[PDB]
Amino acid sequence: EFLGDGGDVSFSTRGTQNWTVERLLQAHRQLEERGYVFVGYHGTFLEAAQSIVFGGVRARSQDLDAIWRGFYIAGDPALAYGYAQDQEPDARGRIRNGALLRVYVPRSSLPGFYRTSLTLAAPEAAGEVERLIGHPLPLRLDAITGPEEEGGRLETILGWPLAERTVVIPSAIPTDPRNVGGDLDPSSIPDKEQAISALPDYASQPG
C-alpha cells in the first residue's frame, strides 16, 4: 500500500475523500524509500481515477497498429489538469470534474526515459524517438518526453509495459467542481506538493 495511512481513499466530484497534503507527503516519502520516483501528473475521470489507484494502470485492447500507444502524463499539473473531466455528458447532460493523479515508476526504470525537442506527431518524431530508444515504436519499457505540439507544454508517454509498473496516488491539487473547463489556478497548488514535484533529468542521447 503506497497511500500512506488514514482511512479509505475515494474519488468524488466533491473532492478526493481522505487525502490531505500531510498524507500526500507521507505517501511520497515512503515511495522514495522503496526506490520509486515521481515522473509526472495524470488527469482523468473519477471512475478512471479509482481504477488506476486501486488496481493500477493497465492497457486494454490497444490498437497494435497504433505506434504511439501508451500512457500519457505530464510534468506540469496544469497540462494534466485539462484531462481531469468526463469527456462526454451523462444522460442528463452533466460533465463533471475529475481528478489529478501523481505518477511514480520504480526508480530502476529511469534508464529508459528519454527526451526530445521534436513534437511527437511530426514526421521526424517517429524516427528520432526510435533512434533514442533503440528499437521501432511503439515504446515499451521506455518513455519519451516532448512538446505536446509546437510551443506547447511537454507531455510524457510511458510505453504500456512501463506504465503497468507504475504506482499512482492522489494529488493534493483539487479540480474545480464549479468551473469544469477552466485552467488550473497556480495558487491552488499546495506549496508543499510543489516541493515534492521535481522531475528526473531525462537523457537526450541514446543508450
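One rule holds for the numbers: they count along the sequence shown, beginning at 1.
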Q: Averaging only over Cα atoms, indicate whether 174 to 182 or 149 to 157 has the higher B-factor in the PDB entry.
A: 149 to 157
Q. Given the B-factors recorded for C-alpha atoms, which segment has the greater mean, 107 to 115 or 121 to 129?
A. 121 to 129
Q) Which of these has the highest Cα B-factor in the record: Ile144, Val53, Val37, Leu64? A) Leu64
Q: Please place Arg102 in the lowest, middle or highest third of its chain by C-alpha B factor as given in the entry.
A: lowest
Q: Grab the CA temperature factor for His28 from the record and place it in the lowest, middle or highest third of its chain.
A: lowest
Q: Comparing against every modelled residue in the chain, figure out the third that the C-alpha B-factor of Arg58 lands in (lowest, middle or highest).
A: middle
Q: Rank-wise, by C-alpha B-factor, drop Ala198 into the lowest, middle or highest third of its chain.
A: lowest
Q: Comparing against every modelled residue in the chain, figure out the third that the C-alpha B-factor of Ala78 lands in (lowest, middle or highest).
A: lowest
